[PDB]
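Read the single chain below, which is given as structure tokens and is the form deposited in one PDB entry.
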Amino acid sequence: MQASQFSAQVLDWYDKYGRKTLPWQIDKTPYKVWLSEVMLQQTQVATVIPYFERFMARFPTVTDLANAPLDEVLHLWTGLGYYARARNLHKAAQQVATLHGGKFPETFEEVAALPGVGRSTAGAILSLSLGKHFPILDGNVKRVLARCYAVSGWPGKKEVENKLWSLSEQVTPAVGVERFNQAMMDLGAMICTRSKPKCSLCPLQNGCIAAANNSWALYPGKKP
């Protein structure tokens, strides 16, 4: 599929069917988007929403989170699992208070330098909260791109990962970047699922190589 057609079809789908009313999407800030991305990394949306609301009520700014005792952060995290995320969350809040005056940094290198934040989460924070022109590559996005463009091979091998990052950059537009990056996460979470994808509901079905060959099970590749 030509990249400009990919972007236009995904944006038209989002306008009619996309999720726009999650709490981190209303009066968006870098702090709210960062907190939601860390909670969503390993936990479903329905479980995350009450924890997001409790964290924002207790810690209205990143300085309030930084100044709290770690034991209180761990207590409020209880039930989310994968507590390395919470230890890194508290360290990153302290780095923003100490190096950046309590104001979330707005440059890619300073965001990616935070503990718990890699290349995809840094691009998510700056694209979704401020409209900066960065692509994302989480598990949802890897599945949609690898099926549509027939990218075989395990993404745990550097050459496969690099091919996927180049494809993601190519299809991600500048105009509408915040809508496009949320739409790709919606598609991989609800339509282009691990098993038995819902291709009849998918805005890419007219150009997707996996759909044309009924070969979704080949993409992305699994670890050998």
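Position 1 is the first residue in the sequence shown; the rest follow in order.
The same protein has a further form, the form solved in complex with a small molecule, not shown here; the description that follows concerns it.
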Notebook entry, point to check: Is the small molecule in the deposited bound form near all of 37, 40 and 140, within 4.5 Å of a heavy atom of each?
Noted result: yes
Next item on the list: Check each of 66, 185, 177, 167 and return the one that places a heavy atom within 4.5 angstroms of the small molecule in the deposited bound form.
Entry: 185
Notebook entry, point to check: Just one of 160, 45, 70, 56 has a heavy atom within 4.5 Å of the small molecule in the deposited bound form. Which one?
Noted result: 45
Next item on the list: Just one of 167-175, 58-66, 151-159, 185-193 has residues with a heavy atom within 4.5 Å of the small molecule in the deposited bound form, so point it out.
Entry: 185-193
